[PDB]
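Here the structure comes first, spelled out in structure tokens, and everything after it is commentary.
Chains as they are written, first to last, in this note's numbering: chain A, -3 to 46; chain B, 11 to 60.
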């Protein structure tokens, strides 16, 4: 889930829910790509081995 | 269109796209515009058959 806002005034621009991690079509003429290694925390469970 | 959207998301996207072109309802300072823009593109499910 991605939200975009201006950096000086703060007017709303767009919000999107994607599954291939490619924000496109909300900023004209540009495609933005974000890697899937953002905002993920990993733990190990020895009780269930997962 | 992507491979994990919902049908309702498709309807919302199409409604936004159609309203972008300028074919939408007049801004008459009335709820008529809201209702009309709500009833542009629609989908008929099992329970709403007439």
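We treat Cβ as the ideally placed atom computed from N, Cα and C, and that holds for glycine.
**Request:** Could you work out which residue in 5(A), 21(A), 4(A) is closest to residue 11(A) when comparing CA atoms only?
**Result:** Comparing Cα-Cα distances from residue 11(A) to each of 5(A), 21(A), 4(A), the minimum goes to 21(A).
**Request:** Please name the residue in 38(A), 36(A), 33(A), -2(A) whose C-alpha comes closest to that of residue 13(A).
**Result:** -2(A)
**Message:** Contact criterion: CB-CB distance below 8 Å. Does residue 30(B) meet it with respect to chain A?
**Reply:** Taking Cβ atoms only, chain A never reaches closer than 8 Å to residue 30(B), which makes this a no.
**Prompt:** Can you list the residues of chain A that residue 12(B) reaches, using a CB-CB cut of under 8 Å?
**Reply:** 14, 15, 16
**Prompt:** Quick one: Cα of residue 31(B) to Cα of residue 8(A), how far?
**Reply:** 21 Å
**Asked** Quick one, which of 26(A), 30(A), 0(A), 23(A) has its alpha-carbon nearest residue 17(A)'s?
**Response** Of the candidates 26(A), 30(A), 0(A), 23(A), 30(A) places its Cα closest to the Cα of residue 17(A).
**Item:** When 17(B), 41(B), 51(B) are compared against residue 33(B), the one with the closest alpha-carbon
**Value:** 51(B)
**Asked** Taking Cβ to Cβ, would you say residue 19(B) is nearer than 8 Å to residue 15(A)?
**Response** no
**Same chain, Cβ closer than 7 Å to residue 32(A), neighbours up to 5 away in sequence not counted** = 17
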